[PDB]
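Undergrad: Data: start-v2.txt, compact mmCIF, C-alpha atoms and all ligand atoms.
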# COMPACT_ATOMS: atom_id res chain seq x y z
CA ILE Y 1 0.00 0.00 0.00
CA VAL Y 2 1.42 3.37 -1.09
CA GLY Y 3 0.31 6.50 0.74
CA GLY Y 4 -1.67 4.66 3.41
CA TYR Y 5 -1.51 4.39 7.18
CA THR Y 6 -0.71 1.73 9.76
CA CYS Y 7 -3.97 -0.13 10.33
CA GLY Y 8 -3.26 -1.14 13.92
CA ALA Y 9 -2.88 -4.68 15.13
CA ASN Y 10 -5.84 -6.90 14.24
CA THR Y 11 -8.12 -4.00 13.28
CA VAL Y 12 -8.79 -5.70 9.90
CA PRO Y 13 -9.69 -9.13 11.26
CA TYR Y 14 -10.64 -10.72 7.92
CA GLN Y 15 -7.27 -9.91 6.32
CA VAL Y 16 -5.08 -12.96 5.76
CA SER Y 17 -1.51 -13.39 4.55
CA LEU Y 18 -0.78 -16.22 2.11
CA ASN Y 19 2.61 -17.72 2.93
CA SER Y 20 4.72 -20.19 0.92
CA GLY Y 21 7.88 -19.68 2.96
CA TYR Y 22 7.29 -15.91 2.76
CA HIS Y 23 4.29 -13.65 2.36
CA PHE Y 24 3.25 -13.42 -1.29
CA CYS Y 25 -0.39 -12.27 -1.42
CA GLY Y 26 -3.32 -11.20 0.69
CA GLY Y 27 -6.74 -12.78 1.03
CA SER Y 28 -10.03 -12.34 2.87
CA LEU Y 29 -11.59 -14.82 5.30
CA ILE Y 30 -15.23 -15.33 4.29
CA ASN Y 31 -16.14 -18.14 6.71
CA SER Y 32 -14.27 -20.31 9.17
CA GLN Y 33 -12.82 -22.55 6.44
CA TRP Y 34 -12.63 -20.46 3.25
CA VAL Y 35 -10.55 -17.56 1.95
CA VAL Y 36 -11.08 -15.41 -1.17
CA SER Y 37 -8.01 -14.20 -3.05
CA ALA Y 38 -6.88 -13.35 -6.59
CA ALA Y 39 -6.44 -16.11 -9.17
CA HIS Y 40 -3.08 -14.62 -10.12
CA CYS Y 41 -1.95 -15.51 -6.58
CA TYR Y 42 -2.41 -19.23 -7.29
CA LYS Y 43 0.41 -21.59 -6.38
CA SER Y 44 0.81 -24.87 -4.55
CA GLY Y 45 1.93 -25.14 -0.94
CA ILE Y 46 -0.11 -22.30 0.57
CA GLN Y 47 -0.28 -21.71 4.31
CA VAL Y 48 -2.98 -19.25 5.35
CA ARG Y 49 -1.92 -16.92 8.16
CA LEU Y 50 -4.78 -15.35 10.12
CA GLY Y 51 -4.62 -12.89 12.99
CA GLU Y 52 -1.46 -11.25 11.65
CA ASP Y 53 -0.12 -7.78 12.22
CA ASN Y 54 3.69 -7.97 11.98
CA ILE Y 55 4.19 -10.85 9.53
CA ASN Y 56 7.82 -11.34 10.66
CA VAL Y 57 7.13 -11.68 14.42
CA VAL Y 58 4.87 -14.07 16.32
CA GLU Y 59 2.80 -11.64 18.40
CA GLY Y 60 0.23 -14.02 19.91
CA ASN Y 61 -3.00 -13.81 17.87
CA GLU Y 62 -1.97 -15.78 14.78
CA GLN Y 63 -3.47 -18.94 13.42
CA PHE Y 64 -1.43 -20.76 10.75
CA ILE Y 65 -3.52 -23.24 8.73
CA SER Y 66 -2.44 -25.01 5.56
CA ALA Y 67 -4.71 -25.03 2.53
CA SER Y 68 -6.36 -28.32 1.57
CA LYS Y 69 -7.49 -27.14 -1.87
CA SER Y 70 -7.50 -24.10 -4.12
CA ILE Y 71 -10.12 -23.37 -6.78
CA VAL Y 72 -9.29 -20.80 -9.47
CA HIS Y 73 -12.30 -19.35 -11.23
CA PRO Y 74 -13.10 -21.49 -14.29
CA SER Y 75 -13.00 -18.46 -16.60
CA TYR Y 76 -9.88 -16.78 -15.24
CA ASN Y 77 -7.71 -15.46 -18.09
CA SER Y 78 -4.20 -14.66 -16.89
CA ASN Y 79 -3.46 -12.50 -19.95
CA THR Y 80 -6.44 -10.15 -19.60
CA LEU Y 81 -6.84 -10.69 -15.82
CA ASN Y 82 -10.58 -11.17 -16.34
CA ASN Y 83 -12.15 -13.16 -13.49
CA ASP Y 84 -9.13 -12.69 -11.18
CA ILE Y 85 -10.58 -14.62 -8.23
CA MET Y 86 -9.87 -17.88 -6.44
CA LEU Y 87 -11.07 -19.72 -3.36
CA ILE Y 88 -8.79 -21.43 -0.83
CA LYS Y 89 -10.09 -24.00 1.64
CA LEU Y 90 -8.37 -24.41 5.00
CA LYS Y 91 -7.49 -27.90 6.22
CA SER Y 92 -9.17 -27.06 9.54
CA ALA Y 93 -11.62 -24.35 10.54
CA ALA Y 94 -10.19 -21.18 12.01
CA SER Y 95 -11.21 -20.27 15.53
CA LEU Y 96 -13.24 -17.10 15.07
CA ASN Y 97 -12.85 -14.29 17.60
CA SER Y 98 -12.69 -10.47 17.61
CA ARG Y 99 -9.26 -10.52 15.93
CA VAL Y 100 -9.95 -13.33 13.42
CA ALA Y 101 -13.31 -12.81 11.78
CA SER Y 102 -15.00 -13.39 8.47
CA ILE Y 103 -16.14 -10.60 6.14
CA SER Y 104 -19.60 -10.79 4.60
CA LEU Y 105 -20.10 -11.14 0.88
CA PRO Y 106 -22.04 -8.31 -0.74
CA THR Y 107 -25.78 -8.30 -1.23
CA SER Y 108 -25.47 -5.55 -3.84
CA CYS Y 109 -22.69 -4.11 -5.97
CA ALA Y 110 -21.18 -0.93 -4.57
CA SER Y 111 -21.49 2.27 -6.60
CA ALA Y 112 -18.85 4.70 -7.78
CA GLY Y 113 -18.20 7.21 -5.02
CA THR Y 114 -18.50 4.69 -2.21
CA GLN Y 115 -15.59 4.88 0.22
CA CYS Y 116 -13.78 1.62 0.93
CA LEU Y 117 -10.90 0.20 2.98
CA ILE Y 118 -8.02 -1.48 1.12
CA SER Y 119 -5.33 -3.26 3.10
CA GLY Y 120 -2.17 -5.31 2.73
CA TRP Y 121 1.52 -5.94 3.35
CA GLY Y 122 2.65 -4.81 -0.09
CA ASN Y 123 5.29 -2.31 -1.16
CA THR Y 124 4.85 1.19 0.26
CA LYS Y 125 6.88 2.95 -2.49
CA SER Y 126 5.78 3.99 -5.98
CA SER Y 127 9.45 4.20 -7.04
CA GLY Y 128 11.70 1.57 -5.57
CA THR Y 129 10.79 -0.96 -2.92
CA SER Y 130 10.15 -1.00 0.82
CA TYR Y 131 8.00 -3.61 2.56
CA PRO Y 132 6.34 -3.19 5.64
CA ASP Y 133 6.18 -5.72 8.43
CA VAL Y 134 2.84 -4.46 9.75
CA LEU Y 135 -0.49 -4.22 7.96
CA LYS Y 136 -1.14 -1.02 6.00
CA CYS Y 137 -4.52 0.51 5.18
CA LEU Y 138 -5.87 2.96 2.62
CA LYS Y 139 -9.28 4.60 2.41
CA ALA Y 140 -10.25 5.16 -1.21
CA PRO Y 141 -13.38 5.68 -3.30
CA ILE Y 142 -14.64 3.52 -6.12
CA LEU Y 143 -14.23 5.39 -9.40
CA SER Y 144 -16.80 5.62 -12.16
CA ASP Y 145 -16.72 2.97 -14.87
CA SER Y 146 -16.20 5.73 -17.44
CA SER Y 147 -13.13 7.12 -15.67
CA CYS Y 148 -11.74 3.60 -15.15
CA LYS Y 149 -12.12 2.79 -18.85
CA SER Y 150 -10.61 6.13 -19.82
CA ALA Y 151 -7.61 5.40 -17.58
CA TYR Y 152 -7.10 1.92 -19.10
CA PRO Y 153 -8.47 1.89 -22.66
CA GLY Y 154 -9.46 -1.53 -23.91
CA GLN Y 155 -8.70 -3.28 -20.60
CA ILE Y 156 -11.58 -2.89 -18.12
CA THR Y 157 -14.14 -5.70 -18.22
CA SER Y 158 -17.50 -5.93 -16.47
CA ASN Y 159 -15.68 -7.93 -13.75
CA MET Y 160 -13.35 -5.06 -12.78
CA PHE Y 161 -13.59 -1.69 -11.10
CA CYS Y 162 -11.11 1.07 -10.34
CA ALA Y 163 -10.65 2.59 -6.90
CA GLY Y 164 -8.24 5.22 -5.69
CA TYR Y 165 -7.15 8.65 -6.84
CA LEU Y 166 -6.48 9.85 -10.37
CA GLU Y 167 -3.94 12.31 -8.97
CA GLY Y 168 -1.81 9.37 -7.83
CA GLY Y 169 0.07 9.05 -4.56
CA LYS Y 170 -2.29 6.55 -2.86
CA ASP Y 171 -2.80 3.02 -4.19
CA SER Y 172 -2.35 -0.69 -3.69
CA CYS Y 173 0.94 -2.19 -4.86
CA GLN Y 174 3.05 -5.35 -5.25
CA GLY Y 175 2.32 -7.81 -2.45
CA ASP Y 176 -1.18 -6.47 -1.81
CA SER Y 177 -2.71 -8.63 -4.55
CA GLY Y 178 -5.51 -10.90 -3.44
CA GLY Y 179 -6.39 -8.72 -0.46
CA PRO Y 180 -9.63 -7.00 0.41
CA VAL Y 181 -11.54 -3.93 -0.67
CA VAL Y 182 -14.29 -3.56 1.96
CA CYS Y 183 -17.11 -1.04 1.67
CA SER Y 184 -19.84 -0.68 4.32
CA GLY Y 185 -18.74 -3.91 5.97
CA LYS Y 186 -18.90 -6.05 2.80
CA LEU Y 187 -16.18 -7.49 0.57
CA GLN Y 188 -16.62 -5.63 -2.73
CA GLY Y 189 -13.18 -6.02 -4.31
CA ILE Y 190 -10.01 -8.06 -4.55
CA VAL Y 191 -6.69 -6.34 -5.21
CA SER Y 192 -5.97 -7.36 -8.82
CA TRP Y 193 -3.78 -5.14 -11.02
CA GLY Y 194 -2.65 -1.72 -12.18
CA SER Y 195 0.09 0.05 -14.11
CA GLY Y 196 2.76 0.49 -11.50
CA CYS Y 197 1.52 1.89 -8.19
CA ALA Y 198 0.20 5.31 -7.24
CA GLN Y 199 0.93 6.81 -10.67
CA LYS Y 200 -1.15 9.66 -12.03
CA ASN Y 201 -4.20 8.50 -14.02
CA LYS Y 202 -3.42 4.83 -13.22
CA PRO Y 203 -5.59 3.84 -10.25
CA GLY Y 204 -5.71 0.32 -8.93
CA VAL Y 205 -8.01 -2.20 -10.58
CA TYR Y 206 -10.02 -4.64 -8.48
CA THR Y 207 -12.02 -7.79 -9.10
CA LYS Y 208 -15.75 -7.02 -8.79
CA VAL Y 209 -16.76 -9.50 -6.06
CA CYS Y 210 -20.50 -8.92 -6.36
CA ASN Y 211 -20.43 -10.69 -9.75
CA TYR Y 212 -19.10 -13.88 -8.11
CA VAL Y 213 -21.37 -14.36 -5.09
CA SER Y 214 -23.34 -17.21 -6.68
CA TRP Y 215 -20.16 -18.97 -7.79
CA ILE Y 216 -18.61 -18.55 -4.34
CA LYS Y 217 -21.67 -19.84 -2.49
CA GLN Y 218 -22.20 -22.80 -4.80
CA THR Y 219 -18.52 -23.75 -4.77
CA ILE Y 220 -18.37 -23.66 -0.97
CA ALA Y 221 -21.59 -25.68 -0.71
CA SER Y 222 -20.08 -28.58 -2.71
CA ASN Y 223 -16.42 -28.53 -1.65
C1 LIG R 301 -11.64 2.82 13.27
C2 LIG R 301 -11.66 2.83 11.75
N1 LIG R 301 -13.00 2.51 11.26
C3 LIG R 301 -13.41 2.86 10.04
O1 LIG R 301 -12.68 3.45 9.25
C4 LIG R 301 -14.83 2.51 9.68
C5 LIG R 301 -15.26 3.14 8.36
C6 LIG R 301 -14.51 2.60 7.17
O2 LIG R 301 -14.10 1.44 7.13
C7 LIG R 301 -14.25 3.51 6.06
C8 LIG R 301 -14.58 4.86 5.92
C9 LIG R 301 -14.12 5.38 4.67
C10 LIG R 301 -13.48 4.46 3.92
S1 LIG R 301 -13.41 2.94 4.67
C11 LIG R 301 -10.63 1.90 11.14
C12 LIG R 301 -10.62 0.53 11.39
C13 LIG R 301 -9.68 -0.28 10.78
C14 LIG R 301 -8.78 0.30 9.91
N2 LIG R 301 -8.75 1.62 9.65
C15 LIG R 301 -9.66 2.38 10.27
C1 LIG R 302 1.50 -4.06 -10.55
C2 LIG R 302 0.78 -4.83 -9.45
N1 LIG R 302 0.30 -6.12 -9.97
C3 LIG R 302 -0.33 -6.24 -11.14
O1 LIG R 302 -0.55 -5.29 -11.89
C4 LIG R 302 -0.79 -7.64 -11.49
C5 LIG R 302 0.33 -8.67 -11.37
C6 LIG R 302 0.03 -9.98 -12.05
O2 LIG R 302 -0.95 -10.13 -12.77
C7 LIG R 302 0.95 -11.08 -11.81
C8 LIG R 302 2.06 -11.13 -10.98
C9 LIG R 302 2.67 -12.42 -11.00
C10 LIG R 302 2.03 -13.29 -11.81
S1 LIG R 302 0.68 -12.60 -12.58
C11 LIG R 302 -0.35 -4.02 -8.83
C12 LIG R 302 -1.21 -4.56 -7.88
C13 LIG R 302 -2.22 -3.79 -7.35
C14 LIG R 302 -2.36 -2.49 -7.78
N2 LIG R 302 -1.55 -1.94 -8.69
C15 LIG R 302 -0.57 -2.70 -9.19
CA CA R 303 2.85 -12.16 13.30
Can the structure in the file be given as structure tokens, please?
Ligand SMILES: C[C@H](NC(=O)CCC(=O)c1cccs1)c1cccnc1
Ligand SMILES: C[C@H](NC(=O)CCC(=O)c1cccs1)c1cccnc1
Ligand SMILES: [Ca+2]
TA:
Amino acid sequence: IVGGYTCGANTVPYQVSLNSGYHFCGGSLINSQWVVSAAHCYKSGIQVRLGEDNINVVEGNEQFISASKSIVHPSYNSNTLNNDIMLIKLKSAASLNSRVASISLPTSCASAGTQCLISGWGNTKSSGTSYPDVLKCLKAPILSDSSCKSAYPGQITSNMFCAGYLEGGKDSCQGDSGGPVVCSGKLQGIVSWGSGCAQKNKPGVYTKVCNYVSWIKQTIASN
């Protein structure tokens, strides 16, 4: 996250870190045994880390649970990034508490102008690289479809939305992918892609979770 703030320990209780020897992506806990992330975060050997603040220090609220299965969306296209969503099942259910909690799926799609919370452990620099150890947060509005398409001609599908600031300076970045965009207490987006980070006229692009609620519910119900 570039241009954000320190969230505070466990103030984003649905945020997970995906670890394969190291943090590589975020995710969102949506019930005691399932996480939503980005399809482009797929790999084998995932351990889900819940209750994290500093990802390099055991602070006492973590739960580390290996994945039993991952399910990439059937229509994910890694070239276009359309349908950039996957589900990860935990081998055992997380113990839910105030610091490890699921986030509700949306009942409706959020509109341009809605203010949301984006979070992650990604790079905090638009030029160069610095990672944080603690979770970072950014408040940002959803942008209109027309301004998103104007920013990225020929690239924005009906399964994507932009959020952030056309002036630049505040954005998601490398290592935030797969993490949450939460608006009014519902998971509306997944950190997906952009052109660099925090550049002028290049806001972050996010998977539009409301389009996937049926797929998520039906997949969970049979897996
Ligand atoms: C205490 C604060 N609560 C809110 O911001 C609620 C309201 C909220 O999410 C948003 C308002 C505008 C965009 S998003 C908080 C908690 C955790 C992390 N950072 C801040
Ligand atoms: C630049 C960064 N990531 C991407 O644009 C997608 C990266 C991508 O598809 C892949 C990486 C490895 C295999 S596939 C980003 C993230 C969030 C906001 N702004 C920029
Ligand atoms: Ca930790």
Undergrad: Using only C-alpha atoms and all ligand atoms, find each residue with an atom at most 12 Å away from ligand LIG 301 (chain R) and format the answer as JSON, numbers by chain.
TA: {"Y": [4, 5, 6, 7, 8, 9, 10, 11, 12, 13, 14, 15, 99, 113, 114, 115, 116, 117, 118, 119, 120, 135, 136, 137, 138, 139, 140, 141, 142, 163, 164, 180, 181, 182, 183, 184, 185, 186, 187, 188]}
Undergrad: Nearest to ligand CA 303 (chain R) among Y:95, Y:78, Y:56, Y:127, with distances taken over all atoms listed in the file: which residue is it?
TA: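 Under the stated criterion, the closest residue is Y:56.
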Undergrad: Which one is closest to residue 71 in chain Y: Y:189, Y:215, Y:48, Y:94? Count only C-alpha atoms.
TA: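 Once distances to residue 71 in chain Y are computed over only C-alpha atoms, the minimum belongs to Y:215.
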Undergrad: In the coordinate frame of the file, compute which residues have an atom within 10 Å of (-14.9, -15.6, 6.4) when using only C-alpha atoms, and state them as a PyMOL selection string.
TA: chain Y and resi 13-15+28-36+94+96+100-105
Undergrad: What is the distance, in Å and to one decimal place, between CA of residue 82 in chain Y and CA of residue 107 in chain Y?
TA: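 Between these atoms lies a distance of 21.6 Å.
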